[PDB]
Structure formats: structure tokens, C-alpha cells
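Below are the chains, spelled out letter by letter.
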Number of protein chains: 4
Amino acid sequence: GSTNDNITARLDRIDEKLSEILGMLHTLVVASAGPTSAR
Amino acid sequence: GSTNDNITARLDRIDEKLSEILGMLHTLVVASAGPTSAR
Amino acid sequence: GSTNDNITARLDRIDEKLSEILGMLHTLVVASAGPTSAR
Amino acid sequence: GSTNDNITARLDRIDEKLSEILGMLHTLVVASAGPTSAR
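Residues numbered from 1 in each chain as written, not as in the entry; some residues may be left out. Chains lettered and ligands numbered in written order. Heavy atoms only, no water.

The deposited coordinates derive from solution NMR.

Per the PDB record, the entry is named "Solution NMR structure of the oligomerization domain of respiratory syncytial virus phosphoprotein".

Pasting the structure below:
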């Protein structure tokens, strides 16, 4: 039936997931930006 | 009730999020491609 | 008509996808944390 | 009204997006795995 709130409920989880990814690539863009060399 | 536009409204946010991720891994695929060495 | 379960069905796939990404950036945050140098 | 197909239509785009991310971190997990050093 009304699974429409169910979507909003797991998509809110997907956003929670990218909230990890985002910060982790932010972290990677920092590390990969050059941790021991490069500019 | 009609949360269906609400989904479209936060999924548009998820896409906004990967628009960061995408470009940031693009950045990582560039950096990790070899910033100070490698090919 | 009722594509609402269809969304939940492909969004469950998107979550399955980030379950790869998440762990892979976890992996990257580890590797990029310094595999041969850096801290 | 029925934005429900609209969701499926942009979520199909989000999946298209992670299809980039997934492969790009795959790429990063490869590069970050050690391109010039490490194991």
C-alpha cells in the first residue's frame, strides 16, 4: 500500500550514508591532495 | 499523506550530494592517478 | 500506476551500491591515510 | 500529483551517478592500493 513513507525512510538512510562518503572523500581529497609529497 | 513530493525533494538533495562525491572522486581519481609518482 | 514499491526496490539497490562505496572509501581513507608514508 | 514515476526517474539517475562513483572508487581502491609503493 502506502510505501511512500517507507521510501522517505530509507532514502533518509541513503543520505545518512553519503554523509559518511562525503566526509570520507573530503578526507581523501585531503589525503590524496598530498600527505607526504605533491601539491 | 502525499509524501511523494517529499521524496523527490530529498532525493534531489541526494543527487546534490553525489554531485560533490562525483567531482571529489574525479579529483581523487586524478590525485590517486599519481600526484608525485606512478602513471 | 503504483510504482511506489518500484522506488523502494531500486533505492534498496542504491543503498546496496553505497554499501560498496562506503566500504571502499573506508578502504581509501585507510590507504590514503598513509600506506607507505605520512601519518 | 503522481510524482511517483518522477522519483523512479531521478533515482535512476542517482544509480547512474554511483555507477560512476563505484567504478571510480574501484579505481581509487586500485590506485590507493599502491601505485608506486606499498602493498
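J.: Report on the overall build of chain A, specifying residues and quantitative values.
T.: Along the backbone of chain A there are one helix and zero strands. With respect to the three principal axes, the spread of C-alpha positions in chain A is 55 × 10 × 5 Å. Taken over 39 residues, chain A has a buried fraction of 41%. Here chain A displays about 2200 Å² of accessible surface, and carbon together with sulfur accounts for 45% of that area. (Helix = DSSP H or I, 4+ residues; strand = E, 2+ residues; numbered from the N terminus. Buried < 20%, exposed > 50% of the residue type's maximum accessible area, 1.4 Å probe, protein only. Areas by Shrake-Rupley, 256 points an atom, 1.4 Å probe, with all protein chains shown as cover.)

J.: Summarise the relation of the copies chain B and chain D; cite the residues concerned and give the values.
T.: Both copies of the chain are related by one operation, a rotation about an axis with a shift along it. When chain B is brought onto chain D, the operation consists of a screw motion whose angular component is 90° and whose axial shift is 0.0 Å, with 0.0 Å RMSD remaining. Both chain copies can therefore be described as sitting about a four-fold axis. (Least-squares fit on C-alpha atoms.)

J.: I'd like to hear about the side chain of B:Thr8, residue by residue, with values.
T.: Mapped onto the elements of the fold, B:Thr8 is located in helix α1 (residues 4–31). A polar contact of 2.8 Å, which involves the side chain of B:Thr8, links it to the backbone oxygen of B:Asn4. Looking at B:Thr8, its side chain comes within polar contact range of the main-chain oxygen of B:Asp5, at 2.9 Å. What B:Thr8 contacts, discounting residues up to four positions off in sequence, is D:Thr3, D:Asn6, D:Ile7 and D:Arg10. (Polar contact = N/O pair within 3.5 Å; in protein donor to acceptor, adjacent residues only side chain to side chain. Contact = heavy atoms within 4.5 Å.)

J.: I'd love a proper account of the environment of A:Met24, names of residues and values included.
T.: Turning to its location among the elements, A:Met24 is positioned in helix α1 (residues 4–31). With residues near it in sequence (within four places) discarded, A:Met24 still touches C:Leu22, C:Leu25, C:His26 and C:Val29.

J.: I'd like a description of the interface of chain C and chain A, backed by residues and values.
T.: Facing 18 residues of chain C, the contacting portion of chain A comprises 21 residues. Across the chain C to chain A interface the summed buried area is about 1500 Å²; carbon plus sulfur atoms make up 74%. Taken together, chain C and chain A are joined by two salt bridges. Residue C:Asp12 pairs with A:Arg10 through a salt bridge whose shortest N-O separation is 2.8 Å. Where chain C packs against chain A, one counts six residue pairs in polar contact. Taken together, the residues of the side of chain C that touches chain A break down into 10 nonpolar, five polar and three charged. (Buried area = accessible area lost by both parts, 1.4 Å probe. Salt bridge = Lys/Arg side-chain N within 4 Å of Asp/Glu carboxyl O. Nonpolar A, V, L, I, M, F, W, Y, C, P; charged D, E, K, R; others polar.)

J.: Can you explain the nonpolar core? Please cite residues and give values.
T.: Ranked by size, the top nonpolar core spans 36 residues in total, and within it A:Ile21, B:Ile21, C:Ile21 and D:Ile21 carry the most contacts. Of all the elements in the fold, those that place two or more residues in this core are α1 of chain A, α1 of chain B, α1 (4–31) of chain C together with α1 (4–31) of chain D. Leaving out residues up to four positions away in the same chain, C:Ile21 has contacts with A:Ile21, D:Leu18, D:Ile21, D:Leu22 and D:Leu25. (Core = buried A, V, L, I, M, F, W, Y, C linked by side-chain atoms within 4.5 Å.)

J.: Explain the interface of chain B and chain D to me, using residue names and the numbers behind them.
T.: Listed as interface residues are 18 residues of chain B and, on the opposing side, 21 residues of chain D. For the chain B and chain D pair, buried surface summed over both sides reaches about 1500 Å², with 74% attributable to carbon and sulfur atoms. Inspection of the region where chain B meets chain D yields two salt bridges. Here D:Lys17 ties to B:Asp15 by a salt bridge, and the two come within 2.6 Å at their closest N and O atoms. For the side of chain B that touches chain D, the per-class residue count stands at 10 nonpolar, five polar and three charged.

J.: Now, about the arrangement of the chains: what can you tell me, with residues and values included?
T.: Separated in space, chain B and chain C share no contact, their closest pair of C-alpha atoms being 9 Å apart. Taking C-alpha atoms as the reference, chain A and chain D come no closer than 9 Å and do not contact one another.

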